[PDB]
């Protein structure tokens, strides 16, 4: 076989997509598409998070803060153990990657 491992993420999605693609000892990488009016579950981050926004606008509410908007061209860091909500209110299509390191299991102890 090859040295590398390949994953594919959906291009030009126009529907809600939650792709939990990479899940290794060292990292998790997900690909998310949220059409306008959709949102992800409210939850506390289970690792250190970076949100790589490649299309549209995200409305991110953390803890007791007012909602903050981030557009394509932003990478947003959310610390471990922080209450978060991701919504797409303001764009036709919001597309981002979620990078988590280390794997949540490493922080569960």
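Numbering follows the first chain given and starts at 1.
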Query raised in the report: Lowest, middle or highest third of the chain for the C-alpha temperature factor of residue 22?
Result: lowest
Report task. Sort the modelled residues of this chain by their C-alpha B factor and say whether residue 3 lands in the lowest, middle or highest third. Result -> lowest
**Report entry** For residue 84, the third of its chain into which the C-alpha B factor falls
**Finding:** middle
Query raised in the report: Sorting the chain's CA B-factors, does residue 50 end up in the lowest, middle or highest third?
Result: lowest
Query - residue 72 CA temperature factor, ranked by third within the chain - result: highest
